[PDB]
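Scroll down for the structure; my scribbles are underneath it.
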């Protein structure tokens with residue numbers, strides 16, 4: 001079944017592009033997924049327990065920029081399209097794939113509980 005170590009949450013430092021600010025550019029922001037509301041929360045630093053904002057992945061679509069060669073991606077949501085980039089090209093791949101697991105799963109999850117479980 002399972003072994004090794006527990007607590008393999010999904011977290012990591014990403015760079016947010018110009019958005020909701022006076023100027024444009026990338027900024028080192030701390031991003032971390034939440035297993036409570038199934039949303040992606042991010043703050044200034046890992047010490048800032050208080051998440052600056054959150055993005056519902058349930059209805060979010062991750063995409064790769066034209067210059068992905070460096071490792072850039074974008075999360076398109078029905079609320080606000082965010083633009084985050086990873087360390088390298090192989091970095092984002094991990095986020096895009098993982099991020100999905102959370103969402104994709106919810107979709108796979110079975111219907112209302114208390115099923116028949118007969119036979």
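Numbering (the authors' numbering), first residue to last: 1 to 119. For every residue, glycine included, the Cβ atom is placed at its ideal position computed from N, Cα and C.
Thinking just about the alpha-carbon of each residue, which of the options is nearest to the one in residue i?
i, options, result
"residue 81", "60, 101, 103, 52", "60"
"residue 26", "75, 112, 86", "86"
"residue 46", "116, 36, 37, 31", "31"
"residue 17", "6, 7, 75", "75"
"residue 102", "62, 21, 43", "62"
In angstroms with no decimal places, state the Cα-to-Cα distance between residue i and residue j.
i, j, result
"residue 28", "residue 14", "6 Å"
"residue 51", "residue 40", "9 Å"
"residue 78", "residue 58", "11 Å"
"residue 92", "residue 68", "9 Å"
"residue 36", "residue 107", "16 Å"
"residue 48", "residue 98", "23 Å"
"residue 38", "residue 22", "31 Å"
Could you spell out where the beta strand (DSSP E) holding residue i opens and where it closes?
i, result
"residue 14", "11-16"
"residue 61", "61-64"
"residue 45", "Premise fails: residue 45 is in no beta strand (DSSP E) and is neither H nor E."
"residue 20", "Element bounds for residue 20: n/a, residue is neither H nor E."
Check whether the Cβ atoms of residue i and residue j lie closer than 8 Å to each other.
i, j, result
"residue 95", "residue 73", "yes"
"residue 33", "residue 64", "no"
"residue 71", "residue 88", "yes"
Give the range of the alpha helix (DSSP H) segment to which residue i is assigned.
i, result
"residue 105", "89-108"
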